[PDB]
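Residue numbers (the deposited numbering), protein chains in the order written: chain B, 3 to 111, 130 to 251; chain G, 3 to 111, 130 to 251; chain D, 5 to 75, 84 to 145; chain H, 5 to 75, 86 to 145. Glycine residues also receive a C-beta, built at the ideal position from the N, C-alpha and C atoms.
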Amino acid sequence: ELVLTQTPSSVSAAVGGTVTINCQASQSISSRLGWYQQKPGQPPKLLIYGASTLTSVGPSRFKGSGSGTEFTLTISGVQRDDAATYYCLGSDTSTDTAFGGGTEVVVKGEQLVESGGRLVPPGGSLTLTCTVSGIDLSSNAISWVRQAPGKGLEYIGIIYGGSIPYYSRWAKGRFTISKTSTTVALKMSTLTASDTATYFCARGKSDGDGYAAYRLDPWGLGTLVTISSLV
Amino acid sequence: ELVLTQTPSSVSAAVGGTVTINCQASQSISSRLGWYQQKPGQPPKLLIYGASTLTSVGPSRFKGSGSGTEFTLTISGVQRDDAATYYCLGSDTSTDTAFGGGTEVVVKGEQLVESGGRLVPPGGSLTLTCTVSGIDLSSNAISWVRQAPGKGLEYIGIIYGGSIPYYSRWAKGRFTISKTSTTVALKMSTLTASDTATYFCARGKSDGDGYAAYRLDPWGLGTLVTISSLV
Amino acid sequence: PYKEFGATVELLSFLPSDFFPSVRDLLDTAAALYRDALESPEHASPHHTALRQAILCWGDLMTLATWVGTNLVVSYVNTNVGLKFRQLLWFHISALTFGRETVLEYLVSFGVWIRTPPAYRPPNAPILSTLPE
Amino acid sequence: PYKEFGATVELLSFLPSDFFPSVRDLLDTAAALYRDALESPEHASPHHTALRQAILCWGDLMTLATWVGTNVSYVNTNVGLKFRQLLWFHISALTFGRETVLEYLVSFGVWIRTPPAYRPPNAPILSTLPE
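Printed below as a string of structure tokens:
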């Protein structure tokens, strides 16, 4: 089991200054970490994967480091652009996978449609549809992530091309992932108010060894599931 | 299937000279050859095992060498004592395990009881007993070898400490080896006159990887079996 | 190494590398499958027991792999190239959950799709969809 | 990691390394059974398919043993002689039966931990079952 404890909880920095972010793991997860940028109200974004390797757009002022337990993200000098809340998503197995708590940098100076999110009573069930396009569901994974209002990111599950689902230990026995030709659906049982949140699905890209849970990009817009007895 | 082609047919040597006996096997037997001395009227004596390593008697003037195909036995200081018939017993496995043709070098200048052997007319059956004393049949193999009058040594079979028998290709099914509390039984069915011989049992000592068929010491005095059509 | 179950090496060796989970993931799934059937309601299956042919033998395999690296001495190249297990642990697990029928017809479909020239075939390979509603 | 059947590795680690024939010898002992037993009489019993497990394995292991022809510090671990025990355990258990085999392992394991002054000089012998 993996928990990723991320410090400092918030940075307030200035233009041209450096911002430093830390992630400490519960086990050595090797290089199976990724660094994600979430700006407010948007979906999260993939910045770095594999502890080092920078993605498409990310400017070289963004850099990750570390392997095993200690992981460190550093923005060499920071612009107004970079002000957002930053997460580390590590994966021990595709079962034990988790985000850090989030650290918000404050600075001074092929596509997926989620659906089905609605208002559901407590203890009821629900089914989300991740309508995937431009992606090969036999070569790529679809993962389910959720975020409560104003909270951090929480890894739910993933489903591979081999159609084998995987769930987190907190989720297991409630959330089940299914797949059709064109879609990936998330079934949710006995929903408790603790689960009112925004559900995203994102395509995981597997490494040579088949770990897709740390590299999630692109991302859906998410959909809001609100649990109240007023349903 | 394994042949040990042993040359020459006879060595005529003098005292003090150097005598060389070559044995060319048919397969890759690793280091698993052995070199044997047979004097007339006596059981076979182990000279060398593992193609080089000498036993607790053989004099330093004897030297073995070779591996995998070529095996050569040399006598540096030969005296009259060393004039006898020498044999190479190579072991590929416990089934392909074969004696050499033999070479009589002529120069000028541990309790095992074989029994049960008798006279039987052709077509019958006979059961030989090796009564073993002083040896742990849980840690050691017991091999059966036979020799026809005026003929060489012919490996019949072996049985390991695991009570698992092995027989060469000619003996298959006609012979069966058994193990009991104190004894080892060689049963012989459909008896021909090709089988009239003197039958020895010997204690095989296992290789590091478990090949005992080529290191057979000690030997018994044998038991005689003769077959003819009379009564 | 497959044949008794109706496929050959070819049919599994078409699927792309990223079609399969990691070895450790598949060992999790398998260790959970033998937990719920050949554990209490015994009556297992050929795939249940073959799964342990992969589980145990693999244990004996990374057994060798881990005592290497204690010998970086020179050439330490370990084989985590056996994904022959990644496929294997998939082939018994999927054929356990989807059925041997479904898996065999799926990998026949995929074989067809991959040797169809990239002109006359659909854009994406046939997807092995989970058990319906 | 396991052995069920009623035994444990702790039992087989008593029998000495000479109690067992070699790997290849036991492969011949299995080729005279799986070929002469498993499909010859129709019985599917667990020890035959357990053989096939291990026999296959040692195949998919010595495949590596020939794949180290790609190197030259090749000291390839033959400590996989832990198969010789395994292959024995099934083979013997498919001739004498799992009853007599487990009983033998228990008595031998008892005799090893008995100080030699109070025990017979020889460990129990596993006697063959006769005609």
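Using a Cβ distance threshold of 8 angstroms, residue 153/G and residue 140/H do not count as a contacting pair.
Unbroken beta strand (DSSP E) runs of no fewer than 3 residues, entirely contained in the stretch 184-213 of chain G, are found at 185-187, 195-199 and 203-208, following chain order.
According to DSSP, residue 110/G shares a beta bridge with 16/G.
Around the C-beta of residue 239/G, 16 or more other C-beta atoms lie within 10 Å, and the residue is accordingly described as buried. Not a single CB atom of chain B sits nearer than 8 angstroms to the CB of residue 134/D. In the same chain as residue 209/B, and ignoring 5 residues on each side of it, the C-beta atoms closer than 7 angstroms to its own belong to 145 and 194, in chain order. With fewer than 16 neighbouring CB atoms inside 10 Å of its own CB, residue 84/D falls in the exposed class. A Cβ of chain H is located within less than 8 angstroms of the beta carbon of residue 184/G. A check of alpha carbon separations from residue 90/B across 49/B, 143/B, 3/B and 147/B identifies 49/B as the nearest.
Around the Cβ of residue 71/H, a 10 Å sphere holds fewer than 16 other Cβ atoms; the residue is exposed. Nearest to residue 88/G by alpha-carbon distance, out of 21/G, 196/G, 250/G and 227/G, is 21/G.
Contact between the stretch 93-109 of chain G and the stretch 161-178 of chain G is present, with at least three C-beta pairs closer than 8 angstroms. Under the Cβ criterion of 8 angstroms, residue 120/D is not counted among the residues facing chain H. Contacts between residue 73/D and chain H, judged by CB atoms closer than 9 angstroms, are missing: the closest CB pair is about 13 angstroms apart.
DSSP places residue 57/D in the uninterrupted alpha helix (DSSP H) bounded by 50-71. Classified as buried, residue 134/B has 16 or more neighbouring CB atoms from the shown chains inside 10 Å of its CB. By the Cβ neighbour-count rule, residue 131/B is exposed, with fewer than 16 other Cβ atoms within 10 Å of its own. Rounded to whole angstroms, the Cβ separation of residue 32/D and residue 196/B is 16 angstroms, and the two are not in contact under 8 angstroms. The shortest C-alpha to C-alpha distance from residue 78/G to any of 16/G, 216/G and 55/G is the one to 16/G. The stretch 126-144 of chain D and the stretch 53-70 of chain H do not touch, with fewer than three beta-carbon pairs separated by less than 8 angstroms. Residue 126/D is classed as exposed because its beta carbon has fewer than 16 other beta carbons within 10 Å across all chains shown. Residues of the stretch 163-196 of chain B with a C-beta atom less than 7 angstroms from some C-beta of chain D are 180, 181, 182, 183, 184 and 186, listed in chain order. No Cβ-Cβ contact shorter than 8 angstroms links residue 12/B with residue 147/B. The DSSP assignment places complete beta strand (DSSP E) segments of no fewer than 3 residues inside the stretch 142-168 of chain B at 146-153 and 161-167, in order along the chain. Separation of the CB atoms of residue 16/H and residue 105/H is rounded to 13 angstroms, and the pair is thereby denied contact status at 8 angstroms.
DSSP links residue 24/G through a beta bridge to 9/G and 74/G. Partner residues in the beta bridge of residue 217/B, as assigned by DSSP, are 245/B. At a cut-off of 8 angstroms between beta carbons, residue 92/D contacts chain B. Within 10 angstroms of the beta-carbon of residue 132/H lie fewer than 16 other beta-carbons, which makes it exposed. Here the alpha carbon of residue 88/D sits roughly 40 angstroms from the alpha carbon of residue 128/D. Within chain H, no residue has its beta carbon less than 8 angstroms from that of residue 45/D; the closest one is some 17 angstroms off. Taking 8 angstroms as the cut-off, the beta carbon of residue 137/B is found closer than this to the beta carbon of residue 245/B.
Rounded to the nearest whole angstrom, the C-alpha separation of residue 214/G and residue 230/G is 32 angstroms. Residues of the same chain with a CB within less than 8 angstroms of the CB of residue 10/H, apart from the 5 flanking positions on each side, are 112 and 116 in chain order. Taking C-beta atoms as the reference points, residue 90/H and residue 107/H fail to come closer than 8 angstroms.
Taking a C-beta cut-off of 7 angstroms against chain D, the contacting residues of the stretch 94-110 of chain B are 95, 96 and 97, listed in chain order.
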